[PDB]
């Protein structure tokens, strides 16, 4: 199942080229600030999936073409990112850096400095958990998303800029991915293919990243783990379009705009 926020924090299920509105069904308030609707849906999902599946045929269906998809989790407890982590410790990204699949990456105006793209699989945590054993990893994974880990090349602050952590376009629930350790990932800048890899090539694997993170910190429903980027990290400029596709997880494209 593919869960998405759209048009001001409405919750939907993505079915083909359409999205069905589950806002009223789930009792989510899109005017809630801070918006924690998707984190509550994630915590309660094993109790609501059946209801969503049983009621879908009655729900309002809008074409994807007619809505503004947003970042699925806008105020996570934390964003944990693994540096490197592909065959040829973790750091934190601020929630404030999150942006959705229709928001531009805004470059800070740093002449003598480049902004690089990083294509990553995101893990969305589904359970409050500490010291998760490797063998138990699937119990605490809600699903997966595409993530761009944008960085000013040279310091925590150079990964911290607003728009430097695009996540989207939806969460694919964990049950809809056969084996997250065999996913093809690809990133284009315009028509140029810059990054291509398989999550089989992860150095510290998904169970290891969850076990490592949970040994230090209580994880929460909504937490994002950025699993790393392969080779082909390179620059973006005003007018570029970054495309990321992860097999079975999803696909998104964002514009790059120079900041004023």
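Numbering follows the first chain given and starts at 1.
_Residues of the deposited sequence left unbuilt between residue 89 and residue 88_ = Per the record, 10 or more deposited residues are absent between residue 88 and residue 89.
*Using the PDB record, quantify the missing residues of the deposited sequence between residue 154 and residue 155 as none, 1 to 3, 4 to 9, or 10 or more.*
The entry has a short gap there, with 1 to 3 residues left out between residue 154 and residue 155.
_So, looking at the entry's B-factor column for Cα atoms, which has the higher mean, 54-62 or 218-226?_
Result of the comparison: 54-62.
*Using the B-factors recorded in the PDB entry, average over the C-alpha atoms of 183-191 and of 73-81, then report which stretch comes out higher.*
183-191 has the higher mean C-alpha B-factor.
*Going by the entry, which of 169, 108, 94, 143 has the most elevated CA B factor?*
That would be 108, according to the entry.
*Peak C-alpha temperature factor (PDB record), options 99, 119, 131, 178*: That would be 178, according to the entry.
*Using the B-factors in the PDB entry, rank residue 31's C-alpha atom against the chain and give the third, lowest, middle or highest.*
For residue 31, whose C-alpha B-factor we compare with every modelled residue in the chain, the answer is the highest third.
*Compared with the other modelled residues in the chain, in which third is the CA B-factor of residue 112?*
Residue 112: CA B-factor falls in the highest third of its chain.
*Which third, lowest, middle or highest, does the CA B-factor of residue 3 fall in along this chain?*
For residue 3, the deposited C-alpha B-factor lands in the lowest third.
*Would you mind ranking residue 210 by its C-alpha B-factor against the rest of the chain and naming the third, lowest, middle or highest?*
Ranked within chain, residue 210 CA B lands in the lowest tercile.
_For residue 38, the third of its chain into which the C-alpha B factor falls_ = Lowest third.
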